[PDB]
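Listed next as structure tokens: two forms of one protein chain, kept apart as structure 1 and structure 2.
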Structure 1
């Protein structure tokens, strides 16, 4: 649901300021987060991949290979309002996008690739929200 996706999106972005400082990321990521759920907007900055990776790492959502930790993603999803089925469906998109995008040793570009694939799949479910406030803000 769009509603849940808004709540997940705002809770996922809350540490962005903390990641921006800590990783010295430029303001190039600002347009990607402001536009994250705008259908047809292409996210293409490498640093946004870095930012997303930092955000996941901070929510304990990553394993030591860099793939999603299913336990903590499920717990995150549930904490912000998804039921079991919606939570599993989101895990399955992320997991599907990890297997469907080309392996890349540059973790920031690979995380970007996962995130773009995830965004597209959420648009296809008609779950992308209309945000009044940007992710990260």
Structure 2
């Protein structure tokens, strides 16, 4: 469980987007089964971690719009990775518009989590999170 490291990145995000401590546990639990988190700062956390990919991948394969090698190393080939990517894009289209980008992003991640659940293969949280963070 949890091959990507978000610890330091989350810390930096809390100071840069002036976020309370609630995000140190909320970012993680956001992804657990049957958990619906409706807090904006979880949105902000996601948006801000998609800006620090270079700190999350211990092997340095996680980059924006360019994550196939990371995917591969986390149980998913290219067609599998690509389907996660298409769900992020379809989610970025279907989520209602919003000037608060933290809120919109929480929307997208919310929509993403529900769609990837419908996949007959079961993505690790690492490759699921990695892929949305890489397309956001």
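Residue numbers count along the first chain shown, from 1. Take the two forms, find the largest set of C-alpha atoms that superpose within 1.5 Å, and that set is the rigid core.
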Comparing between structures 1 and 2 on the core: of 95, 38, 44, 107, the CA moving 2 angstroms or more sits at 38
| query | For residue 118, is the C-alpha shift between structures 1 and 2 2 Å or more after core superposition? | reply | no
Residue 73: Cα shift of 2 Å or greater between structures 1 and 2 (core-aligned): yes
- request: Superpose on the rigid core, then tell me if the C-alpha of residue 62 is displaced by 2 angstroms or more between structures 1 and 2.
  value: yes
For residue 83, the CA shift between structures 1 and 2 after fitting the core, in Å, is 1.1
Core-superposed CA shift of residue 130 between structures 1 and 2, in Å, is 8.0
Superposed on the core, the Cα displacement of residue 53 between structures 1 and 2 in Å comes to 0.5
